[PDB]
Amino acid sequence: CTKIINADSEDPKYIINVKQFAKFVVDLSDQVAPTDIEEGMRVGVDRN
Amino acid sequence: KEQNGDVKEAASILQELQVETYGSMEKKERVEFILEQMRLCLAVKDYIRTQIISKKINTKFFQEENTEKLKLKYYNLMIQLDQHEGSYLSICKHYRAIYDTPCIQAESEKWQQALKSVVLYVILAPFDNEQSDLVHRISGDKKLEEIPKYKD
Amino acid sequence: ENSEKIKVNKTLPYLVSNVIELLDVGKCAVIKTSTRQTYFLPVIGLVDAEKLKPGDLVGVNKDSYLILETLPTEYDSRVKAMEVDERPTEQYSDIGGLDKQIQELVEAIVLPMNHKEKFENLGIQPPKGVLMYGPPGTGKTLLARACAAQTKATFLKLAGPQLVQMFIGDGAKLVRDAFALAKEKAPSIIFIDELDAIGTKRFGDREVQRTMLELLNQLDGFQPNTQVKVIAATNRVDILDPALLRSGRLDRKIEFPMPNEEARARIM
Amino acid sequence: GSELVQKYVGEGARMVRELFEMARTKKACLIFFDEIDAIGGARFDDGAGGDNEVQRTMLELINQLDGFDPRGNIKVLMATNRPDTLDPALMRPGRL
Amino acid sequence: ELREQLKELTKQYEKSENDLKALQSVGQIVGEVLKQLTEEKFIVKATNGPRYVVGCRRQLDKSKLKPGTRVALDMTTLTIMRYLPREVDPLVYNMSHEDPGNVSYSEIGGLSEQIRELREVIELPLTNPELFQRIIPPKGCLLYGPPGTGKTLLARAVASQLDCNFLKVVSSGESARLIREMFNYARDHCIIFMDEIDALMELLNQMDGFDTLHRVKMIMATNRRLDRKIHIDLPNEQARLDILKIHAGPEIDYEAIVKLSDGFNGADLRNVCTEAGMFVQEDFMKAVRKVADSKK
Amino acid sequence: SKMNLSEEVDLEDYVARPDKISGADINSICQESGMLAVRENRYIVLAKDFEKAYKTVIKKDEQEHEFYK
Ligand SMILES: Nc1ncnc2c1ncn2[C@@H]1O[C@H](COP(=O)(O)OP(=O)(O)O)[C@@H](O)[C@H]1O
Ligand SMILES: Nc1ncnc2c1ncn2[C@@H]1O[C@H](COP(=O)(O)OP(=O)(O)O)[C@@H](O)[C@H]1O
Ligand SMILES: [Mg+2]
């Protein structure tokens, strides 16, 4: 994560960089505590 | 010198003033000098130098405030040159510029004669695409009115 | 119900893309998808065409590559951590030997930064760019630290190789983020140490050249306003991109000399 | 020494940065750059424009060793059989 | 209330429905034709590199797609849907692709001899070349001597005087090839200004001297057809006063300054006003103190 | 042949004169003569023009140090 997009209060709308591939804007799924992302915390990501 | 009933040595003196490079106020005095160079050249019948000197002028400038008599004489001199050269479509275009001059629009004959000669110089040109286009443009032009036995 | 439809079709795996170029045929886009690609678009999409200036961070659908929600900003962590978190504090008077150099830098940096209006009040040009070319060990970074300490404003630490990422365009993105951070945090002082690493003279190599030209262009983008003043620093100016040290660009050559006898006494 | 000259221009500088970050993470560090004559001699390019990535990682090593940043309890014992082709930037006693 | 309410709500509904409409638009693939196969086929290289033989949309017309024509390839059938203008990349003004840019003529105070010489050098060909055709117009010239005191400024003013805009270039193998390549656009844009010849391991940059549309000339300048030599003096005889005055954007003082100041340009006065500002008329002896202080 | 020349502009008295010029030199003579003629503003070149160009690009190989010869 490189920019938490200000979190827009609700609906944080995280962002991520998969490096050589691309730069995506992403949500949280099944994650219990949607704060433990720390804006650089090397988060998880799905394929499609 | 030209006034002194002698002209063969008139053109020579003035055919030495490069008012382009003399570095003067603006494009009024030097336009006048170039035009008098041209007038002397036509008077002495030096048509090659006439064209060469005329190439020194930039007609685009004549879209300015006091630029009325200067451009009028400019086109009249070019028209003497072409009339003695042999072209006719060029003479047409020059008369067309004269007609389009805002001052020339004023007064009846100052535009009636212009259009008269414009139409004859359209007619006196060879049939080319350009001549056909000029025939079409001069066709009617509204102001061509019904000049008797003329527009027909 | 149409708003609900647009919401349903605005799922949120958007791809981050640029708006590299714009055109009118209506409005169109020539967006550049971060997945390194260039996708044209007839109908710009949900973006309201807020002048959609060339250069912007837009969320774009993965497959249709249509411009969905526009993103505010993106400054990589390498530029978010690239500022004086703790403003150093050395001194001004405790830099020996160099007196004319320090005075010249103080004027040409701080004085246009503090008394901005009382430069143009006299028809004066406070040149934006100061290049500190010196023989290694004179103290260019020492004076830079002194300025960062006792100058306030926002200080940017640009560190040469820090602009040469392997990926094509990432270095230019990093430079863009640096300059945008400078402009947003104005008044700002942009100190570029070891400038001989961003681009030397020629030419991965084309990537380094492209980031160098990004530096050059966005520096040229400066006006007398936009209170950001750039201070390059460098050891070996072996004719370093003569185009770099030109009108508008870095143009105050604060040469750094070797310490004279009085300088060395002061230094000890 | 050879784990600092890779392909992928910029990777070497990234390696130097990561090494120094790990050092700062540790309480008290001793780095032992050996055979540094491989990593960085002079800085002139002429025909060495293609071998500028090593120069670039050497510049990163300098800026880490001392720049606009406290370095912390990091002490470096560089070794080199030929300190006669080394860059004066690296040799100058602000870092060695 | 009804008029404004329904006007704005019509705006909003139309915008929403057009957003739904746009939601079903698929992007194209940006690429350039290469070779123009049989008139129903074109080799197009997309951006990411791959090259395909692609169709040509019927309404698109032909003869507008020639090698290098940006096209919006269809994303799946890979058909050339509709052309595009050439993208403006950062490598244009740094590649010296600038036609405009001028300051003035009076900005150059004196320099009358060199102004007139270069004027006689470059006017007549940009204007009447038929006279020459009655034989080859001169192409280049030289600006010479000290660091061409106001060389680019001389160009900057006399080009504006001649009304032809500019084509500036710097001479600080691929680079040579492309520098000669953009000559096509250079003529398309005149006075060409290949300056900074000094500072050379390049060999394709030779004086190719091709033939272009008559008119348009160059003023190639350096130190140490193209047959001219504009020698220059680093100061001027008694035009230091003149340079100071015409640089006085911000007079006995101007004399008293030039009487001991001996530099090369108006940087002297720039420093005058700058240091006076640190310490608009009311400067006087401050300028003298500066000019005494400047080292150079 | 391509240029336009007067009747007193005989080239045959610009060849009999001994001179170690080459084809490039003669092209330069003609081009310089035409340039000078236009500068002095005539549309026909003349013997004075050819004389001046002859001396302009025959003695150009000078300004050498004389102790060498
Ligand atoms: N003029 C100087 N006055 C005081 N210290 C100096 C001076 N020049 C160098 N130094 C010392 O060396 C360092 C500053 O030099 P530095 O700016 O790092 O050189 P460079 O700019 O070539 O990298 C500091 O450790 C400082 O103590
Ligand atoms: N006649 C003049 N009038 C006003 N300014 C001048 C004049 N001559 C030179 N200058 C100043 O000197 C500078 C010289 O610029 P330029 O000729 O491009 O570099 P150089 O003179 O080193 O070749 C210009 O920026 C200009 O401001
Ligand atoms: Mg100049």
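Odds and ends about this structure:
- Filtered residues of the range C:243-268 (kept if within 16 Å of ligand 3 (Cβ to nearest atom) and under 27 Å from D:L90 (Cβ atoms)): C:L245
For every residue, the table says whether it meets (1) on the phi < 0 side of the Ramachandran plot; (2) touching a strand residue (DSSP E or B) at 6+ places or on another chain (Cβ under 9 Å).
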residue: E:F193; (1), (2): yes, yes
residue: E:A199; (1), (2): no, no
residue: E:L204; (1), (2): yes, no
residue: E:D242; (1), (2): yes, no
residue: E:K259; (1), (2): yes, no
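- Qualifying residues in the range E:146-183 (those that are assigned to a loop (DSSP other than H, G, I, E, B) and within 14 Å of chain C (Cβ to nearest Cβ)) - the one nearest to ligand 3 (Cβ to nearest atom): E:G150
- Looking only at the range C:116-156, and only at residues there that are assigned to a strand (DSSP E or B) and either within 14 Å of chain E (Cβ to nearest Cβ) or of a type in the set (S, T, N, Q) (or both), the one that is surrounded by the most Cβ atoms within 10 Å (Cβ to Cβ): C:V130
- Answer residue from the range E:83-124, given it is surrounded by 17 or more Cβ atoms within 10 Å (Cβ to Cβ) and under 30 Å from C:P42 (Cα atoms) and is farthest from the other protein chains (Cβ to nearest Cβ) among those: E:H97
- Scan of the range D:39-69 for residues that are more than 15 Å from the chain's Cα centre (by Cα), part of a loop (DSSP other than H, G, I, E, B) and more than 9 Å from chain C (Cβ to nearest Cβ), ordered by number: D:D46, D:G47
- Selection count where residues are farther than 15 Å from C:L142 by Cβ, within 16 Å of ligand 1 (Cβ to nearest atom) and assigned to a loop (DSSP other than H, G, I, E, B), scope the range C:221-249: 4
- A single entry from C:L12, C:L71, C:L57, C:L23 fulfils the requirement of being within 30 Å of the chain's Cα centre (by Cα) and surrounded by fewer than 17 Cβ atoms within 10 Å (Cβ to Cβ): C:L23.
- Within the range E:245-273, tally of residues that are within 14 Å of another protein chain (Cβ to nearest Cβ), assigned to a helix (DSSP H, G or I) and of a type in the set (A, V, I, L, M, F, W, C): 5
- On the stretch given as the range F:28-44, residues that are more than 8 Å from every other protein chain (Cβ to nearest Cβ) and either part of a loop (DSSP other than H, G, I, E, B) or more than 18 Å from B:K55 (Cα to Cα) (or both) total 9.
- Filtered residue count, the range B:45-81, keeping only those that are more than 14 Å from chain E (Cβ to nearest Cβ), hydroxyl-bearing (S, T, Y) and assigned to a helix (DSSP H, G or I): 2
- Qualifying residue in the range E:100-114 (condition: assigned to a helix (DSSP H, G or I), within 14 Å of ligand 3 (Cβ to nearest atom) and closer than 20 Å to C:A243 by Cα): no
- Residue, nearest to E:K45 (Cα to Cα), within the range C:60-71, restricted to residues that are part of a loop (DSSP other than H, G, I, E, B) and more than 7 Å from every other protein chain (Cβ to nearest Cβ): C:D63
- The residue that is nearest to the chain's Cα centre (by Cα), among those in the range F:45-69 that are more than 14 Å from chain E (Cβ to nearest Cβ), among the basic types (K, R) and in a loop (DSSP other than H, G, I, E, B), is F:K59.
- Subset of the range E:184-202 [part of a helix (DSSP H, G or I) and buried (at least 16 other Cβ atoms within 10 Å of the Cβ)]: E:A186
- Residues that are more than 18 Å from D:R17 (Cβ to Cβ) and β-branched (V, I, T) were ranked within the range D:51-96; the one that is nearest to ligand 3 (Cβ to nearest atom) is D:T85.
- Some residue of the range E:197-206 being over 28 Å from F:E32 (Cα atoms) and either within 18 Å of the chain's Cα centre (by Cα) or within 16 Å of ligand 1 (Cβ to nearest atom) (or both): no
Throughout, read-outs are computed from the coordinates displayed, never taken from laboratory work. Every residue, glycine among them, receives a Cβ derived from its backbone with ideal geometry; neighbour counts consider all protein chains shown.
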